[PDB]
Amino acid sequence: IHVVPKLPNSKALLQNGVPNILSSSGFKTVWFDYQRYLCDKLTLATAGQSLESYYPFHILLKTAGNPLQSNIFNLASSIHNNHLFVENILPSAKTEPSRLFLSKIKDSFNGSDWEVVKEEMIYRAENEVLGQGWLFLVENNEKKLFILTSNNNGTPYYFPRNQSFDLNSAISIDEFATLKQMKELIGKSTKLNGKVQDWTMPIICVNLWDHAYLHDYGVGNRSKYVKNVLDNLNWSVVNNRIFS
Amino acid sequence: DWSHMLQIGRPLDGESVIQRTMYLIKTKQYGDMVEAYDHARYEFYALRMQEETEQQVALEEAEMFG
Amino acid sequence: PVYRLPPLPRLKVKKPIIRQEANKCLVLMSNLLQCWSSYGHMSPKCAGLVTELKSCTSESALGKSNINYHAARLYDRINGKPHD
Amino acid sequence: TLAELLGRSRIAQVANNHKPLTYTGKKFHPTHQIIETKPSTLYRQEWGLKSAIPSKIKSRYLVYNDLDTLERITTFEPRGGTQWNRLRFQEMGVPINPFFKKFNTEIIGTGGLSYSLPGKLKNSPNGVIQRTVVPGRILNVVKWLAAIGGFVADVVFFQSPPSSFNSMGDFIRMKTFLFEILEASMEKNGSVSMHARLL
Amino acid sequence: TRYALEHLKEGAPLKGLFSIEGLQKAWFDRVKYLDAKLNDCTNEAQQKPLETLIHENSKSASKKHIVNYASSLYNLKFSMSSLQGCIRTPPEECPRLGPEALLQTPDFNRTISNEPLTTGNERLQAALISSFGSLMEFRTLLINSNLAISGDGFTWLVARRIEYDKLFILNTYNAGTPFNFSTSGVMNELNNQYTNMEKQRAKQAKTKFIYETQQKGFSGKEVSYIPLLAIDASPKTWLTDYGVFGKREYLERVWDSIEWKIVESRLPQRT
Amino acid sequence: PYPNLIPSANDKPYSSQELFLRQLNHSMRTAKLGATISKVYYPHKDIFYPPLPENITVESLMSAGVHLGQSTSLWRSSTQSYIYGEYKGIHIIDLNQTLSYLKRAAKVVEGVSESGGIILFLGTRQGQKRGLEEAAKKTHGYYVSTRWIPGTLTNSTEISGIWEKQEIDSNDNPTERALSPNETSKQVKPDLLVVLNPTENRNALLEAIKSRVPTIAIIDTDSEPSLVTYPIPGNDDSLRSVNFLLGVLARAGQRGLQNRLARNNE
Amino acid sequence: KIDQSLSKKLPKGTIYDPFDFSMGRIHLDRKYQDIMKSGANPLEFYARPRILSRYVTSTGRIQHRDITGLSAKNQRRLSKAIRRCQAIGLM
Ligand SMILES: [Mg+2]
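Going down the list, the sequences are from chains V, D, S, Y, H, A and R.
Residue numbering for the first sequence is 8 to 100, 112 to 262, as defined by the UniProt record's numbering.
Plus 132 on top of the position in the second sequence (first one is 1) and you've got the UniProt record's numbering.
Residue numbering for the third sequence is 6 to 68, 75 to 95, as defined by the UniProt record's numbering.
Residue numbering for the fourth sequence is 2 to 97, 105 to 109, 195 to 235, 242 to 298, as defined by the UniProt record's numbering.
Residue numbering for the fifth sequence is 15 to 175, 191 to 230, 244 to 313, as defined by the UniProt record's numbering.
Plus 127 on top of the position in the sixth sequence (first one is 1) and you've got the UniProt record's numbering.
Residue numbering for the seventh sequence is 40 to 72, 81 to 138, as defined by the UniProt record's numbering.
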């Protein structure tokens, strides 16, 4: 039985929700209703199996390579990502960005400062993520940050399941080349499961699903919601997520 | 509560069908064993069809999104 | 039908039979001899086989049953004797 | 009471089955329930059965007949193959209605193999999947039969067999081919008769 | 403009399916935003119809947004066009379904409502029985397919190729196209072009046989589909009113809200 | 924290050990996000978080598989009174009798530990070492899991006389006093012996009988109840049931030890 | 070519596992390689030399119950019927 995690200051979040991003009704939709929905669906899908004993992150890491249980993976991914998202918008466990994170953004993004990087992430979310999706700021094994976007329920950890390219429409030839090299990397591995190593981790997570913003911000104006999320993050969690 | 087949913390299996059959007979919603067994069987078929469709559609979506 | 043996002092095979695999050199020699029997000695047809033999025996001319142990180990468990 | 709980216990949930574990006859459908144990319980040889399974077993699936016997052994087999066949059928996508509206023992429609409905097609990034292709192995030099994804089917040819067949002879099963599943039907006894075409 | 439909009005509801706010947000705000983006990306979309835009602007990464927004608007219009409403109680008045909805079992294998033939749509129901076994099976398959869509998407009824040989049910995701000739062969095209590049600067042959096979057909290599009906799985339509747990309630009310005369009008004759 | 580790330069990528520490930091903080697992059985907890004797229900004993007895073909008819019935070719143990006997044996273990007696946990099946060791450590007792040397009690001088002994206070604190050779060569006899597999340890049971050592054991359907002072009807061939009962007894012993220390610290 | 005994033939419509395409499967199959078992009276088959001849060797020796696999009752009736057939001039 997967159960919705308890959140600090739950009474205040019920009363008002996350300040300056969501109202109480919106926070109910994004977390109290959607997280319960996802957890119940995962429990129904994985009950009576081994996967009931593993956490959603270990579930999605286990299930990433098997086509026929993608649904479980999707649920697991959401159940993880949503919580990550919530944790970077919780009022508290004003928090300030750390020196190390600022240095990494400055070094990772070709000298660009953090705020223009925020605007660039807003642009990326507006452009590529058509409809439901997730936005992440992630660090790779080279100690380099970069911006990743996943369509529907995708994971930053495993690059085969990043779901960063929307094939329903066309794809740029460069995106096709990226897909082909990715598939070659997958195929090179000698493991029977076909697994590959990916040490990417999410430092920032933003929920672009309609549950997050539609009730508070409408069909349009999603970039407004993303800007509000990024401006008022809980920087203690974000700083802790980085390793030194 | 066995008014419905799906239980949280339980898989969806044939034993759920037998449990729903016994619940139906106990409440006397149906009289004969065969009738309740058939009704639970049809609920089982509906639920399993829904799960099969979720799996197929999920795999198709995954391939759709790269 | 099932036959149940009495409580026996032991459970052992007198002569365990092992599947030694016939040496490759011997069978290759036999094939060569049959070749020269049918086509003739130093016949063009099967001369290739000769090459194989020349290699197969070049280094050397010719190039285990645990049933009793396991039976003795397991007999007390599987004999199905009455309690005491 | 204890009797009620024993009636609702998972060991009781497994139906009484006593068929030979090692069966050399024709196999059309599963005959034993597959018992699964988590890796943590496998580490301690706990399978939910009466007694601990020997530590030699490394697989997480088995099929069993007796919880205990006179020989003090659990009558089991470390095999969980059949599920894969079922799952492999789901990869084929070929659909096969009794599932829509005194006790009868006939196999009801597809007995859990596939609960899909015929009228759907697969979208792919290349486009609509018109015809489903899966790899298989032609078995014998005979119609010709093929082992395709856990099931034996009779392959419908297209003009002549490729010359590779005649060259290889009885070593034909060594080489993989690509087939398209024309149709899948279920016979009364539970056999799944599929017709495929060698491309 | 052609985007807006006459059976929808600002400040007026669609009985049973949407409230005033639900219809507002789902349709009028969505079309406003979508047409704004579409006209911003290209001013020429005003002159040309959506289908012509989709056909002409496909297969180009630079012109992607044009096809994306054209398909979104066209599919939204196609989905809402078949709607008529239903006698069931207003969604606003009914208390929202909660977690219990997940545990309730569907009745889509033991019930049938809003059958086309009762209204007089005999040919449509005959064809659905012909290709999908029965309307019980058709309704189950359609609603299960649209339920399974995680995010933004549509479930389509389609007919093959004006006359059809056979009917089918399709899914499209984040502004996909129901017809197939716009996108068919794109991956094979890019694969061949990429191999030509890579050699200019065999797994490809084995994969190409399968590529051609997946879309190869009998009597022709190119396959087309007539849209006939569309449902919307996007949270935009149903999250506002029914809530997180109320997608199944939305889909059943949608099914009761289908008028099959409009669907028959789209039916392309017969082989 | 992690001495003798040489971090990498910012220009260069992470090292394998740096990646390991990074993933450990991720695991201890964020890997467990999304849901909290409830009502799921984790085997290790049966050793580390055993329930108290009073909190045990029949449902908990049945979940551990304690009720599953031997095959009906291997029945020892002297165990008739402990049997609830037979089902699927095996005898079912009456779990209410099991609960009563287990509570009594737990009280015995708690009393013996509270008196400062020596408690010996003997179990020689394959995977029983972990639970035996943990029970002995938390009861300040002793255990054997490799093999019971015959004559360990009746011939203690020739078996256990060479190993070293130790004087300790009321609080189990080493005194480090020098023991005389005669004191070192005396027999030290267990005050309580608990056997997980009494069928394969007849020698230990007979030695305890001869040496007047009260003994507890898990009495399966094919085991003799009268060979032990405090039988516990239950399944002895499943590691889960054995570990559950052993953890209950070990927690009772730990409670007795804690009571003893609390009284000595007042 | 492969001798037929060395090859395993999967029948049509039967499921299989990868183990089936193995010599172990052939060896296992080798290892585990009518009317009178249907509740009939063998004494009634005393003027029917063919069906009686099904249960004798080439020389006419009655086959043991280990070979026939019949019940003791039907085995005795079969022996009696075969001997009666021998006596009356048939068989
Ligand atoms: Mg035992």
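We put the beta carbon where it would ideally sit given N, CA and C, even for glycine.
Q: Would you check if the distance between the CB atom of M181 (chain D) and the CB atom of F107 (chain Y) is smaller than 8 Å?
A: As a working note, residue 181 (chain D) is residue 49 in the second sequence. As a working note, residue 107 (chain Y) is residue 99 in the fourth sequence. Taking 8 Å as the Cβ cut-off, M181 (chain D) and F107 (chain Y) qualify as a contacting pair.
**Q.** Own chain residues within Cβ distance below 7 Å of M83 (chain R), not counting five before or after
**A.** Residue 83 (chain R) sits at position 36 when you count from the first residue of the seventh sequence. Closer than 7 Å at the Cβ level, and outside the excluded window around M83 (chain R), lie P89, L117, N121 and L125.
Q) Using a C-beta to C-beta distance shorter than 9 Å, which residues of chain H count as neighbours of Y177 (chain D)? A) Counted from its first residue, the second sequence places residue 177 (chain D) at position 45. Ordered by position in chain H, the residues that pass the 9 Å Cβ test against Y177 (chain D) are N123.
Q) What is the DSSP secondary structure of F60 (chain R), reduced to helix, strand or coil? A) Position 21 of the seventh sequence, counted from the start, is the residue given in the question as residue 60 (chain R). Correct three-state label for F60 (chain R): helix.
Q) Listing by chain order, which chain Y residues have their CB less than 7 Å from the CB of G91 (chain S)? A) The residue labelled residue 91 (chain S) in the question sits at position 80 within the third sequence. Those are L71 and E72, listed as they occur along chain Y.
Q) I109 (chain R) bridges to which residues according to DSSP? A) Indexing the seventh sequence from 1 puts residue 109 (chain R) at position 62. Answer is R:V103.
Q: Assign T206 (chain A) to one of two classes, buried (16 or more other C-beta atoms within 10 Å of its C-beta) or exposed (fewer than that).
A: Along the sixth sequence, one-based indexing puts residue 206 (chain A) at 79. With 16 or more other Cβ atoms within 10 Å, it is buried.
Q) In chain Y, what lies closer than 8 Å to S60 (chain V) by C-beta? A) Counted from its first residue, the first sequence places residue 60 (chain V) at position 53. Here the neighbours are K39 and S41.
(Q) Taking CB distances under 8 Å as the criterion, tell me whether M181 (chain D) reaches chain Y. (A) Working through the second sequence from its first residue, we reach residue 181 (chain D) at position 49. Yes, because at least one Cβ of chain Y sits closer than 8 Å to the Cβ of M181 (chain D).
(Q) Is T326 (chain A) close to ligand 1? I mean its beta-carbon at under 7 Å from any heavy atom of the ligand. (A) Residue numbering aside, residue 326 (chain A) sits at position 199 when the sixth sequence is read from its first letter. Answer for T326 (chain A): yes, Cβ within range of ligand 1.
**Q.** Per-residue DSSP class, three states only, for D47 (chain V)
**A.** One-based indexing of the first sequence puts residue 47 (chain V) at position 40. Of the three classes helix, strand and coil, the one that applies to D47 (chain V) here is helix, per DSSP.
Q. To the nearest angstrom, how far is it from the Cα of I79 (chain V) to the Cα of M226 (chain H)?
A. As a position in the first sequence, residue 79 (chain V) is number 72, starting the count at 1. As a position in the fifth sequence, residue 226 (chain H) is number 197, starting the count at 1. Taking the straight line joining both Cα atoms gives about 39 Å.
(Q) Less than 8 Å between the beta carbons of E195 (chain D) and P21 (chain Y), yes or no? (A) Here residue 195 (chain D) corresponds to residue number 63 of the second sequence, with the count starting at 1. Here residue 21 (chain Y) corresponds to residue number 20 of the fourth sequence, with the count starting at 1. Cβ atoms of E195 (chain D) and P21 (chain Y): not closer than 8 Å.
**Q.** Residue interval of the alpha helix (DSSP H) (run including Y174 (chain D))
**A.** Residue mapping note: residue 174 (chain D) aligns to position 42 of the second sequence, counting from 1. Residues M165 to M196.
**Q.** Contact with chain A by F34 (chain V), beta-carbon distance below 8 Å
**A.** As a working note, residue 34 (chain V) is residue 27 in the first sequence. By this cut-off, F34 (chain V) is not an interface position.
Q: Would you please verify whether the beta carbon of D145 (chain D) is less than 8 Å from any beta carbon of chain V?
A: Here residue 145 (chain D) refers to the residue found at position 13 of the second sequence. Answer yes: the Cβ-Cβ gap between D145 (chain D) and chain V drops below 8 Å somewhere.
Q | Beta carbon of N203 (chain H) nearer than 8 Å to that of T169 (chain H) | A | By 1-based counting over the fifth sequence, the position of residue 203 (chain H) is 174. By 1-based counting over the fifth sequence, the position of residue 169 (chain H) is 155. In this structure, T169 (chain H) does not lie closer than 8 Å to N203 (chain H) by Cβ.
Q. What does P220 (chain V) pair with, by DSSP beta-bridge criteria?
A. Numbered from its first residue, the first sequence carries residue 220 (chain V) at position 202. In the DSSP output, where bridge partners are listed per residue, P220 (chain V) has V:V156.
Q. Mind listing which residues of the segment 275-289 of chain H have their C-beta closer than 8 Å to chain V's C-betas, in chain order?
A. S276, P277, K278, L281, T282, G285, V286 and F287
Q. Does the beta-carbon distance from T224 (chain H) to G220 (chain Y) come in below 8 Å?
A. Translated into positions along the fifth sequence, residue 224 (chain H) becomes position 195. Translated into positions along the fourth sequence, residue 220 (chain Y) becomes position 127. Against a cut-off of 8 Å, the Cβ pair of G220 (chain Y) and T224 (chain H) comes out as no contact.
Q. Across which residues does DSSP place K215 (chain Y) in a beta bridge pair?
A. To locate residue 215 (chain Y), count along the fourth sequence from 1; it is residue 122. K215 (chain Y) pairs with Y:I222.
**Q.** DSSP beta-bridge partners of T53 (chain R)
**A.** Against the seventh sequence, residue 53 (chain R) aligns to sequence position 14. Its beta-bridge partners do not exist; DSSP assigns none.
Q) Taking a cut-off of 5 Å, which residues have a beta-carbon closer than that to any heavy atom of ligand 1, in chain order? A) A:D347, A:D363 and A:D364
Q) Checking contacts by CB at 8 Å: is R84 (chain S) closer than that to chain Y? A) Position 73 of the third sequence, counted from the first residue, corresponds to residue 84 (chain S). Not closer than 8 Å to any Cβ of chain Y, the Cβ of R84 (chain S) fails to qualify, so no.
Q. If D69 (chain Y) sits next to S198 (chain A), beta carbons under 8 Å apart, how far is it from one beta carbon to the other, in whole angstroms?
A. Reading the fourth sequence from its first residue, position 68 is the one you call residue 69 (chain Y). Reading the sixth sequence from its first residue, position 71 is the one you call residue 198 (chain A). Contact holds; Cβ gap of about 4 Å.
Q | CB contact below 8 Å: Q256 (chain H) versus chain B | A | No chain B is part of this structure, whose protein chains are labelled V, D, S, Y, H, A and R.
**Q.** Among Y:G49, Y:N197, Y:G81 and Y:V226, nearest to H294 (chain Y) - alpha-carbon criterion
**A.** Counting from 1 along the fourth sequence, the entry for residue 294 (chain Y) is found at position 195. Nearest C-alpha to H294 (chain Y): Y:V226.
**Q.** Within the segment 163-191 of chain A, ranges of the alpha helix (DSSP H) (whole runs, at least 4 residues)
**A.** 170-175 and 185-190
Q. With 16 other CB atoms within 10 Å as the buried threshold, where does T50 (chain V) fall?
A. Residue numbering aside, residue 50 (chain V) sits at position 43 when the first sequence is read from its first letter. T50 (chain V) comes out buried.
Q) Which of helix, strand or coil does DSSP assign to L210 (chain Y)? A) Mapped onto the fourth sequence, residue 210 (chain Y) falls at position 117. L210 (chain Y): coil per DSSP, three-state reduction.
Q.
Can you list, in chain order, the residues of its chain with a C-beta nearer than 8 Å to that of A83 (chain S)? Leave out the 5 residues immediately preceding and following it.
A. As a working mapping, residue 83 (chain S) is identified with position 72 in the third sequence. Contacts found: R15, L16 and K17.
**Q.** Euclidean distance between Cα positions of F264 (chain Y) and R87 (chain Y)
**A.** Taking the fourth sequence and counting its residues from 1, the one referred to as residue 264 (chain Y) is at position 165. Taking the fourth sequence and counting its residues from 1, the one referred to as residue 87 (chain Y) is at position 86. Roughly 29 Å between the two C-alpha positions.
Q) Got a sec: is the Cβ-Cβ distance from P228 (chain Y) to anything in chain V below 8 Å? A) Along the fourth sequence, one-based indexing puts residue 228 (chain Y) at 135. Taking Cβ atoms only, chain V never reaches closer than 8 Å to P228 (chain Y), which makes this a no.
(Q) Let me confirm a value: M138 (chain R) is counted as buried when at least 16 other C-beta atoms fall within 10 Å, else exposed. Which label applies? (A) In the seventh sequence, residue 138 (chain R) corresponds to position 91, counting from 1. Looking at its Cβ environment, which holds 16 or more other Cβ atoms inside 10 Å, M138 (chain R) is buried.
(Q) Please give the ranges of any alpha helix (DSSP H) in the segment 226-268 of chain A, keeping only runs that are unbroken, at least 4 residues long and fully inside the region. (A) 256-265
(Q) Closest to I80 (chain H) by C-alpha separation, out of H:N89, H:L90, H:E254 and H:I68, would be which residue? (A) Walking along the fifth sequence from the start, residue 80 (chain H) turns up at place 66. It is H:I68.
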